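Undergrad: Mind having a look at this structure? Questions to follow.
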Amino acid sequence: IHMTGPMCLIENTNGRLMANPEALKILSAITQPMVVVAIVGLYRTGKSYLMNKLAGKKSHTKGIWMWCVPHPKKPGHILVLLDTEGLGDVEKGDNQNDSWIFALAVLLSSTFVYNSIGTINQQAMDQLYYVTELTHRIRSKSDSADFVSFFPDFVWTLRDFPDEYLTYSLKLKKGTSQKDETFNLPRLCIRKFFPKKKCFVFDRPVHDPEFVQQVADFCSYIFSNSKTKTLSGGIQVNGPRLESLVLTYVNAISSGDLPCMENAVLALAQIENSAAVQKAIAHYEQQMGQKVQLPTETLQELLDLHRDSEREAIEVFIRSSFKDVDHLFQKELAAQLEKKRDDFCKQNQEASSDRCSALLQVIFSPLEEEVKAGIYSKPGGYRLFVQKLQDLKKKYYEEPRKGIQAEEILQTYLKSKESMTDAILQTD
Amino acid sequence: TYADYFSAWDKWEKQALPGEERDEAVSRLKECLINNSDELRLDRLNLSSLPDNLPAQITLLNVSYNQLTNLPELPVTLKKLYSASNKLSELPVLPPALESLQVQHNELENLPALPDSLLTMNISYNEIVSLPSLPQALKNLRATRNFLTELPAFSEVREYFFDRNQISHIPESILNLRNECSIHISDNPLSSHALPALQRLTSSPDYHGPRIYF
């Protein structure tokens, strides 16, 4: 894969959260596992510099932008650079969804990165009202408890002035009054929800020495200790899954319900298993597409080919599927194969009748013409009629694959065409 | 005059706090006042207050994301007021030609007069209990988090949502508007009879009423 300019993944226009289909195509193409890192921060904290120097390089649409670039310190894996552009620009556009953009940047990424310019005073905390709504904005089980299961590692970044600051800087004070109660909600969440936490600092690049290397340390940290986006026990997210998650979360927001973590995984399983069926079906029309040539000699042969190919395609289902709880897909696959069988059997019977009647016509119509003219009413034609009919039946069966319904129809010919032989013997 | 503006602006510069970018603010003020610039933005300066004398001709004031407490007297020529995410307690009288009032995440207690030229307006994330009559052409209103008690009367395209409030009442004045209004009033502890009263009311020829989301 190769992108030179980051494009919009979720635009935030006309008071609506919409996905970008052209950018979802690029996701559905990248089949390599992903390490997702967002860059959340206010509208002009210089958000870009942490992307160009992260992907490795050198008046827009607001929302979440992405940049896919190969992982510079990993094989196979591919890191994704999310970035909330225009976050908080009260002047430019609607702000009903800044909390939504925050929640989505949490749910999609694997290492959440805030980017404030201040000194984490009370102002920089009042500019972080998004985190006080995470318990009101994101469900996790169709409660705010299992958040540490999938929540990313916090990496704060102060762009003008390390972890010594942050470790004690979120030490909430004890109390019970309402005045100190509001002071807990931000710091309570940043500590309890996110598994690993951090902090960084960056000197100003004006009026550089301890900045390029200062940011090089942070970039090396992100390159080194970043972890692959996991869902529920492994399952390294990889393109198509990220697209499924984006679509699920957005179609949940623009529908009413909350972005669920369980449902966004159940639908992903029921779509990545909805491909296992159409994969095991193609492996059935392909194998039994040149292993069967109707009509067949016997029936045990066709049933022996089925019983083989069925449990051979069931293997293809197992090899590319997971979480078929209650075994709902591993029976809509079987019921879709038994119908194929019951149809193949009737198709074979009809294809047997076809060739039987065709050979009937081809071989016996000469005799029909001969007796139709009267070349056998001569006083001596009964014996030669017997000769030709017996040897012609001898030339009937020495014709491979006449179908199981072989002579069953043939007797309908002889039994209904005996008055000819009757009159011939009478005319002898 | 003009040189008298520089006096009060250079006098605010001194009466500031440690982490209060006032030199940049004064530089922006002199950058606007001299070029006769219509726009003036004091984006992110950790300001605890503003000077008493803004330029008397601006049409756009963006003083959001600060630690303000009360705005100075806005110039009459103002047409857009973007003052959100700071700590306001009351709004000085709005200029008569105002067209956009964007003030959220503050601590407003009540709203003063609203001129007839307010097109859009966002007062969400505050502590308001009552609102004056919304102007004739007020298009979008966001009061998504306050302490409202009763829905305001409109003085007849419209789209206001009063999410997350303690209002819980719909009189006739709502059901007298045509099928162009949109009043999302979700997350409200509405009356037990008014809860399905809307259901059996909306399941009727309600093409002489408004859309009501809850």
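Naming works like this for the structure tokens: A, B, ... for the chains as they're shown, residue 1 at the start of each chain, ligands 1 onward in shown order.
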Could you make a table, as JSON lines, of the residues of chain B that have an atom within 10 Å of an atom of chain A, each with its nearest atom pair and distance in Å to one decimal, counting only C-alpha atoms, in chain and number order?

TA:
{"residue": "B:19", "atom": "CA", "partner": "A:119", "partner_atom": "CA", "distance": 9.1}
{"residue": "B:43", "atom": "CA", "partner": "A:44", "partner_atom": "CA", "distance": 9.5}
{"residue": "B:44", "atom": "CA", "partner": "A:117", "partner_atom": "CA", "distance": 9.3}
{"residue": "B:45", "atom": "CA", "partner": "A:118", "partner_atom": "CA", "distance": 9.6}
{"residue": "B:46", "atom": "CA", "partner": "A:123", "partner_atom": "CA", "distance": 7.7}
{"residue": "B:60", "atom": "CA", "partner": "A:91", "partner_atom": "CA", "distance": 9.8}
{"residue": "B:61", "atom": "CA", "partner": "A:91", "partner_atom": "CA", "distance": 9.8}
{"residue": "B:62", "atom": "CA", "partner": "A:91", "partner_atom": "CA", "distance": 7.6}
{"residue": "B:64", "atom": "CA", "partner": "A:90", "partner_atom": "CA", "distance": 7.9}
{"residue": "B:65", "atom": "CA", "partner": "A:127", "partner_atom": "CA", "distance": 7.5}
{"residue": "B:66", "atom": "CA", "partner": "A:123", "partner_atom": "CA", "distance": 7.4}
{"residue": "B:67", "atom": "CA", "partner": "A:123", "partner_atom": "CA", "distance": 7.1}
{"residue": "B:80", "atom": "CA", "partner": "A:91", "partner_atom": "CA", "distance": 9.2}
{"residue": "B:81", "atom": "CA", "partner": "A:91", "partner_atom": "CA", "distance": 9.1}
{"residue": "B:82", "atom": "CA", "partner": "A:91", "partner_atom": "CA", "distance": 6.4}
{"residue": "B:83", "atom": "CA", "partner": "A:90", "partner_atom": "CA", "distance": 8.6}
{"residue": "B:84", "atom": "CA", "partner": "A:90", "partner_atom": "CA", "distance": 7.5}
{"residue": "B:85", "atom": "CA", "partner": "A:127", "partner_atom": "CA", "distance": 7.2}
{"residue": "B:86", "atom": "CA", "partner": "A:123", "partner_atom": "CA", "distance": 8.4}
{"residue": "B:87", "atom": "CA", "partner": "A:126", "partner_atom": "CA", "distance": 9.7}
{"residue": "B:100", "atom": "CA", "partner": "A:91", "partner_atom": "CA", "distance": 9.9}
{"residue": "B:102", "atom": "CA", "partner": "A:90", "partner_atom": "CA", "distance": 7.4}
{"residue": "B:103", "atom": "CA", "partner": "A:90", "partner_atom": "CA", "distance": 9.0}
{"residue": "B:104", "atom": "CA", "partner": "A:90", "partner_atom": "CA", "distance": 9.2}
{"residue": "B:105", "atom": "CA", "partner": "A:126", "partner_atom": "CA", "distance": 8.7}
{"residue": "B:122", "atom": "CA", "partner": "A:95", "partner_atom": "CA", "distance": 9.7}
{"residue": "B:124", "atom": "CA", "partner": "A:96", "partner_atom": "CA", "distance": 9.7}
{"residue": "B:142", "atom": "CA", "partner": "A:96", "partner_atom": "CA", "distance": 9.0}
{"residue": "B:144", "atom": "CA", "partner": "A:96", "partner_atom": "CA", "distance": 9.1}

Undergrad: Give me, as a list in words, the residues of region 1-38 of chain B that a backbone DSSP run labels alpha helix (DSSP H).

TA: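 Here are the alpha helix (DSSP H) residues of region 1-38 of chain B: residues 3, 4, 5, 6, 7, 8, 9, 10, 11, 12, 23, 24, 25, 26, 27, 28, 29, 30, 31, 32, 33 and 34 of chain B.
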
Undergrad: For residue 353 (chain A), find every residue with an atom within 9 Å (counting only C-alpha atoms), except residues of its own chain fewer than 6 positions away, and show them as a list in words.

TA: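 Contacts, with the query itself left out: residues 402, 403, 405, 406 and 409 of chain A.
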
Undergrad: Go ahead and write the selection's residues with C-alpha atoms as a tab-separated table (two decimals), in the first residue's frame.

TA:
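That gives us out08.tsv:
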chain	number	residue	atom	x	y	z
A	402	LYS	CA	-27.22	-44.47	-19.57
A	403	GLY	CA	-28.32	-43.36	-16.10
A	405	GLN	CA	-33.28	-44.96	-14.97
A	406	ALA	CA	-31.83	-46.97	-17.86
A	409	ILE	CA	-38.03	-46.47	-19.78

Undergrad: Just want the 12 Å neighbourhood of residue 139 (chain B), counted on only C-alpha atoms, with same-chain residues fewer than 6 positions away dropped. Output as a compact mmCIF listing (two decimals) with C-alpha atoms, in the first residue's frame.

TA:
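Final output, result.txt:
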# COMPACT_ATOMS: atom_id res chain seq x y z
CA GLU B 99 -26.33 37.58 13.52
CA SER B 100 -24.58 34.73 15.38
CA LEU B 101 -24.18 34.19 19.14
CA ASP B 116 -34.34 40.25 15.45
CA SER B 117 -31.23 39.51 13.34
CA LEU B 118 -30.06 36.42 15.25
CA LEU B 119 -29.90 33.65 12.64
CA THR B 120 -27.94 30.97 14.54
CA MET B 121 -27.31 30.71 18.27
CA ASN B 122 -25.76 28.13 20.62
CA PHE B 154 -41.64 31.72 19.34
CA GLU B 156 -43.76 33.68 14.10
CA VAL B 157 -36.96 26.54 8.44
CA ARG B 158 -36.68 26.37 12.23
CA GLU B 159 -34.62 23.80 14.11
CA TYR B 160 -33.95 24.06 17.86
CA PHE B 161 -33.20 21.05 20.07
CA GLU B 180 -41.27 23.02 9.26
CA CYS B 181 -40.17 23.24 12.90
CA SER B 182 -38.02 20.58 14.56
CA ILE B 183 -38.03 20.48 18.37

Undergrad: Counting only C-alpha atoms, what is within 6 Å of residue 128 (chain B), bar same-chain residues fewer than 2 positions away, as a PDB file with N, CA and C atoms, in the first residue's frame?

TA:
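around.pdb, written as the output of this step:
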ATOM      1  N   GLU B 109     -26.080  32.449  33.573  1.00  0.00           N
ATOM      2  CA  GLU B 109     -27.266  32.281  34.402  1.00  0.00           C
ATOM      3  C   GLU B 109     -28.543  32.769  33.739  1.00  0.00           C
ATOM      4  N   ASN B 110     -28.455  33.749  32.844  1.00  0.00           N
ATOM      5  CA  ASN B 110     -29.618  34.202  32.091  1.00  0.00           C
ATOM      6  C   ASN B 110     -29.138  34.973  30.871  1.00  0.00           C
ATOM      7  N   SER B 130     -34.414  30.413  32.092  1.00  0.00           N
ATOM      8  CA  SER B 130     -35.468  31.041  31.311  1.00  0.00           C
ATOM      9  C   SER B 130     -34.856  31.718  30.093  1.00  0.00           C
ATOM     10  N   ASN B 146     -28.756  22.637  30.108  1.00  0.00           N
ATOM     11  CA  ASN B 146     -29.051  23.765  30.992  1.00  0.00           C
ATOM     12  C   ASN B 146     -30.019  23.295  32.076  1.00  0.00           C
ATOM     13  N   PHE B 147     -30.717  24.240  32.701  1.00  0.00           N
ATOM     14  CA  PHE B 147     -31.710  23.944  33.726  1.00  0.00           C
ATOM     15  C   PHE B 147     -33.064  24.530  33.353  1.00  0.00           C
TER      16      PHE B 147
END

Undergrad: Check the DSSP output for the backbone and give back, as a PyMOL selection string, the residues of region 40-182 of chain B in strand (DSSP E or B).

TA: chain B and resi 40-41+60-62+80-82+100-102+120-122+134+140-142+154+159-161+182

Undergrad: Using only C-alpha atoms, which residue out of A:275, A:280, A:367, A:188 lies closest to residue 170 (chain A)?

TA: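 Of A:275, A:280, A:367, A:188, the one nearest residue 170 (chain A), counting only C-alpha atoms, is A:188.
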
Undergrad: Tell me which protein, DNA and RNA residues are within 10 Å of residue 8 (chain B), counting only C-alpha atoms, leaving out same-chain ones fewer than 2 positions away, and put them as a compact mmCIF listing (two decimals) with N, CA, C and O atoms, in the first residue's frame.

TA:
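Written out: part_7.txt:
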# COMPACT_ATOMS: atom_id res chain seq x y z
N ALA B 3 -4.73 56.71 19.25
CA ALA B 3 -3.64 56.63 20.21
C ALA B 3 -4.13 56.44 21.63
O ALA B 3 -3.36 56.00 22.49
N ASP B 4 -5.40 56.77 21.90
CA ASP B 4 -5.97 56.53 23.22
C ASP B 4 -6.33 55.06 23.43
O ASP B 4 -6.37 54.59 24.57
N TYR B 5 -6.60 54.33 22.34
CA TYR B 5 -6.78 52.88 22.45
C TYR B 5 -5.52 52.21 22.96
O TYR B 5 -5.58 51.31 23.81
N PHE B 6 -4.36 52.63 22.44
CA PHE B 6 -3.10 52.02 22.84
C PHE B 6 -2.84 52.19 24.33
O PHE B 6 -2.16 51.36 24.94
N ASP B 10 -2.06 48.95 26.54
CA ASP B 10 -0.78 48.81 27.22
C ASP B 10 -0.93 48.82 28.74
O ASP B 10 0.02 48.44 29.44
N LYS B 11 -2.07 49.26 29.26
CA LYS B 11 -2.32 49.19 30.69
C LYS B 11 -2.90 47.84 31.13
O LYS B 11 -2.68 47.44 32.28
N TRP B 12 -3.63 47.15 30.26
CA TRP B 12 -4.06 45.79 30.58
C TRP B 12 -2.85 44.86 30.67
O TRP B 12 -2.77 44.03 31.58
N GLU B 13 -1.91 45.01 29.73
CA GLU B 13 -0.71 44.20 29.62
C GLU B 13 -0.03 43.97 30.96
O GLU B 13 0.50 42.88 31.22
N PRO B 51 -9.79 43.88 27.80
CA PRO B 51 -9.75 45.33 28.03
C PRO B 51 -11.13 45.95 27.90
O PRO B 51 -12.08 45.34 27.40
N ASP B 52 -11.24 47.19 28.38
CA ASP B 52 -12.51 47.90 28.37
C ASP B 52 -12.83 48.53 27.02
O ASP B 52 -13.95 49.03 26.85
N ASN B 53 -11.90 48.53 26.07
CA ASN B 53 -12.07 49.26 24.81
C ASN B 53 -11.65 48.36 23.64
O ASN B 53 -10.48 48.34 23.25
N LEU B 54 -12.61 47.62 23.10
CA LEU B 54 -12.40 46.92 21.84
C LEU B 54 -12.47 47.92 20.69
O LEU B 54 -13.01 49.01 20.83

Undergrad: My list of candidates is B:34, B:40, B:88, B:175. Which is closest to residue 206 (chain B) when distances are computed with only C-alpha atoms?

TA: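 Answer, going by the shortest atom-to-atom distance: B:175.
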
Undergrad: If we count only C-alpha atoms and set the cut-off at 12 Å, which residues sit around residue 341 (chain A), ignoring sequence neighbours fewer than 4 positions away in its own chain? Please answer as a short mmCIF file (atom, residue, chain, number, x, y, z; two decimals) with C-alpha atoms, in the first residue's frame.

TA:
data_model
loop_
_atom_site.label_atom_id
_atom_site.label_comp_id
_atom_site.auth_asym_id
_atom_site.auth_seq_id
_atom_site.Cartn_x
_atom_site.Cartn_y
_atom_site.Cartn_z
CA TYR A 284 -18.40 -27.04 -3.84
CA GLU A 285 -19.41 -25.91 -7.34
CA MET A 288 -18.31 -31.07 -7.96
CA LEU A 299 -26.15 -43.77 -7.23
CA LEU A 302 -22.80 -39.71 -6.69
CA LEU A 303 -23.56 -39.98 -2.97
CA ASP A 304 -19.92 -40.94 -2.35
CA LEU A 305 -18.79 -37.83 -4.22
CA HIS A 306 -21.22 -35.69 -2.23
CA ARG A 307 -20.41 -37.07 1.25
CA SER A 309 -17.14 -32.80 -1.05
CA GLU A 310 -19.57 -31.73 1.70
CA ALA A 334 -25.40 -27.54 5.67
CA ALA A 335 -29.04 -26.88 4.76
CA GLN A 336 -27.68 -25.10 1.67
CA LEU A 337 -25.74 -28.27 0.72
CA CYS A 345 -30.44 -36.33 -7.67
CA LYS A 346 -33.53 -35.12 -9.55
CA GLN A 347 -31.27 -33.46 -12.14
CA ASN A 348 -29.49 -36.79 -12.65
#

Undergrad: Which one of B:47, B:96, B:37, B:199 sits closest to residue 24 (chain B) if you count only C-alpha atoms?

TA: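 Of B:47, B:96, B:37, B:199, the one nearest residue 24 (chain B) is B:47, counting only C-alpha atoms.
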
Undergrad: Pick from A:344, A:112, A:67, A:211: nearest to residue 226 (chain A), with only C-alpha atoms counted?

TA: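 Going through A:344, A:112, A:67, A:211 one by one, the smallest distance to residue 226 (chain A) is for A:112.
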
Undergrad: Using only C-alpha atoms, which residue out of B:26, B:137, B:198, B:151 lies closest to residue 213 (chain B)?

TA: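 Comparing B:26, B:137, B:198, B:151 against residue 213 (chain B), the winner is B:198.
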
Undergrad: Restricting the calculation to only C-alpha atoms: of A:137, A:57, A:74, A:394, which residue gets closest to residue 260 (chain A)?

TA: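 Smallest distance to residue 260 (chain A) is found for A:137.
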
Undergrad: Find the distance between CA of residue 145 (chain B) and CA of residue 163 (chain B) and write it in Å to one decimal.

TA: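 Between CA of residue 145 (chain B) and CA of residue 163 (chain B) the gap works out to 6.5 Å.
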